[PDB]
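A single chain comes next, written as structure tokens; it is the form deposited without the ligand.
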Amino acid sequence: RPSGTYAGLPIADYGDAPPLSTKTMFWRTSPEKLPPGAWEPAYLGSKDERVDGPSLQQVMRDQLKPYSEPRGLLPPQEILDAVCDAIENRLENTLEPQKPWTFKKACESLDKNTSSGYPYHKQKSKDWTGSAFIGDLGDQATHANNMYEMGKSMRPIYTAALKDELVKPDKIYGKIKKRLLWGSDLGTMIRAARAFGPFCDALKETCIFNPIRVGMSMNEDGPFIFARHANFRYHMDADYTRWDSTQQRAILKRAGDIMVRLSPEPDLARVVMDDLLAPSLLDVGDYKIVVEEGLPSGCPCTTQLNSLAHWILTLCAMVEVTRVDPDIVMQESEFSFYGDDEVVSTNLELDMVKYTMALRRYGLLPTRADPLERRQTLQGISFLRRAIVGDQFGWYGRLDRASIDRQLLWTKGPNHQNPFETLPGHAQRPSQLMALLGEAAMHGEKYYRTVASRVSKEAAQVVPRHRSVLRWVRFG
């Protein structure tokens, strides 16, 4: 029955979503005071002692606004078609054909320590026997799977949440921001896993010679990835603001068509992709609202869809500007896409001003670093949280010290209301401490020493010498 607009978006029904969480999973590693400008867990609502801010619902409405903004322009249809053929073609020539996913495999693949979403909103593990969903979720899972096998449509219902994560302090103590998560319903997760699990698996296997890098290991795969990029003359590393909310469904639809066409049960996959990209029903608590545009997350094959969309858009811009055919562009370039993160290396003479304009024309908001700049060295180019570094031995991804120290101050634990509480006792995190030494080692012995000290100090409440970890971490 209900009508109107919530955060600029049409209301379609009453909502069933539980209330937004007021707790964080972050705990300080020490009771001492935080260094100034330190990152902290994002805002926790009216109950947050650190600051008096608006309601979580208001913070969520802020995040929903960009979804009602006008879309940018679709790329010129001929470029769009050639690019999409060229990307599909590239995948046909590289991906290993997969057998269908079983219902059993699909259910196994899901993360069992997160919510089931609409309508039970229970942690998946609570109806999971080890090998099958039973009880309530078993009924949802079974129904969804029957619909899948019958090629019948089902309207996903997403549940909005806000992301508990560390953030720069201005997002707590200034203008408060917190990231919108889209939380899928178990049924949609099942259908999506069955439909697209094969493609995603096939794609992960090619993460070194195909540009969708999802599933890569920074440590083991990065040096080969980065060495490939280095073979090309110009390097650029666009950063994008609000990638997800600025997507066009029409482009996501072209990405999806490629996924469907490269899946083992394409007729079944088609029904699922059409449900995923049909106007989206999102439960914000009081209301379920309809979101026609942007990317709907928590798919969970979304990161692939998104990366694929990114590949389409970047390539469309490049082709529009250089006028080189998309296949030849892939001969003369090396891409890395990981959702919204990009690295483009190319031999082509690319007009950076025109490239920036074409992306802005599509609705995207490219930004780096302080139009897009291109460099003749990969040194310093950013990828995920790393800086790409090269030396006599080769290339690697070095985590910035910011993130390193940040991991020294904060640890994960059970949800609580006050993030400045420390956990009692240990400090049960030896693996991370070592990895941190590793990450610190790549910064040189001077820095490694500092970090070694703190790591030792904390490990009190085997820490190797520098040259041995550095060797283990780069080569090992």
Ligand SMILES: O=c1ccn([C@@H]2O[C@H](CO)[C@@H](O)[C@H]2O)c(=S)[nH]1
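Heads up: residue numbers just count along the shown sequence, starting at 1. C-alpha atoms forming the largest set that superposes within 1.5 Å between two forms make up the rigid core.
Trainee: Thinking of the other compared PDB entries, is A12 one of those residues unmodelled in at least a third of them?
Mentor: No, modelled in all of them.
Trainee: Note whether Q461 lacks coordinates in a third or more of the other compared entries that model its flanking residues.
Mentor: Yes, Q461 lacks coordinates in at least a third of the other compared entries.
Trainee: Between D370 and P371, what class does the number of missing deposited residues fall in: none, 1 to 3, 4 to 9, or 10 or more?
Mentor: The entry has 4 to 9 unmodelled residues between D370 and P371.
Trainee: How many residues sit between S456 and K457 in the deposited sequence but have no coordinates: none, 1 to 3, 4 to 9, or 10 or more?
Mentor: According to the record, the chain runs unbroken from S456 to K457.
Trainee: Between 392-400 and 272-280, name whichever shows the higher mean Cα B factor according to the PDB entry.
Mentor: According to the PDB entry, the answer is 392-400.
Trainee: Mean C-alpha B-factor higher for 401-409, or for 216-224?
Mentor: Going by the record's values, the stretch with the higher mean is 401-409.
Trainee: Between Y448, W27, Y43, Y67, which carries the biggest CA temperature factor in the record?
Mentor: The C-alpha B-factor peaks, among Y448, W27, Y43, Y67, at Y448.
Trainee: Among the candidates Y173, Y355, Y338, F196, give the one with the maximum CA B-factor reported in the record.
Mentor: Of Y173, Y355, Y338, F196, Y173 has the highest C-alpha B-factor.
Trainee: Quick check on the deposited entry: does the C-alpha B-factor of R90 sit in the lowest, middle or highest third of its chain?
Mentor: Tercile = lowest for this residue's CA B-factor.
Trainee: Using the temperature factors of the C-alpha atoms in this entry, rank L20 within its chain: lowest, middle or highest third.
Mentor: Tercile = middle for this residue's CA B-factor.
Trainee: Would you please rank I381 by its C-alpha temperature factor against the other modelled residues of its chain and give the third it falls in: lowest, middle or highest?
Mentor: Ranked within chain, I381 CA B lands in the highest tercile.
Trainee: Give the position of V167 by CA B-factor within its chain, expressed as the lowest, middle or highest third.
Mentor: Ranked within chain, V167 CA B lands in the middle tercile.
Trainee: Taking the chain's C-alpha temperature factors as the reference, tell me which third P326 falls into: lowest, middle or highest.
Mentor: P326: CA B-factor falls in the lowest third of its chain.
One more form of this protein exists, namely the form deposited with the ligand bound; it is left out here, but the text below deals with it.
Trainee: Examine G339 and determine whether its closest non-hydrogen atom to the ligand in the deposited bound form is within 4.5 angstroms.
Mentor: It does: once the ligand is placed as it appears in the deposited bound form, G339 has a heavy atom within 4.5 Å of it.
Trainee: Given that the ligand is not shown alongside this chain, does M352 nevertheless sit within 4.5 Å of it in the deposited bound form, heavy atom to heavy atom?
Mentor: Although the ligand is absent here, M352 would stay clear of it in the deposited bound form, with no heavy atoms inside 4.5 Å.
Trainee: Is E265 part of the interface with the ligand in the deposited bound form - any heavy atom within 4.5 Å?
Mentor: No, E265 is distant from the partner.
Trainee: Looking at the partner-bound form in the deposited bound form, is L295 within 4.5 Å of the ligand by any heavy atom?
Mentor: Because a heavy atom of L295 falls inside 4.5 Å of the ligand in the deposited bound form, the answer is yes.
Trainee: Could you spot which one of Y234, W243, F103, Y120 gets a heavy atom to within 4.5 Å of the ligand in the deposited bound form?
Mentor: Of the listed residues, the single hit is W243.
Trainee: Would you mind picking the one in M150, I208, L181, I328 that has a heavy atom within 4.5 Å of the ligand in the deposited bound form?
Mentor: Looking at the other structure, the residue within range turns out to be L181.
Trainee: Choose one stretch from 123-131, 354-362, 295-303, 137-145: the one whose residues place a heavy atom within 4.5 angstroms of the ligand in the deposited bound form.
Mentor: Result of the contact check: 295-303.
Trainee: Superpose on the rigid core and name the single residue from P430, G413, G444, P54 whose Cα moves by 2 angstroms or more between this form and the one not shown.
Mentor: With the rigid core fitted, the residue that moves is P430.
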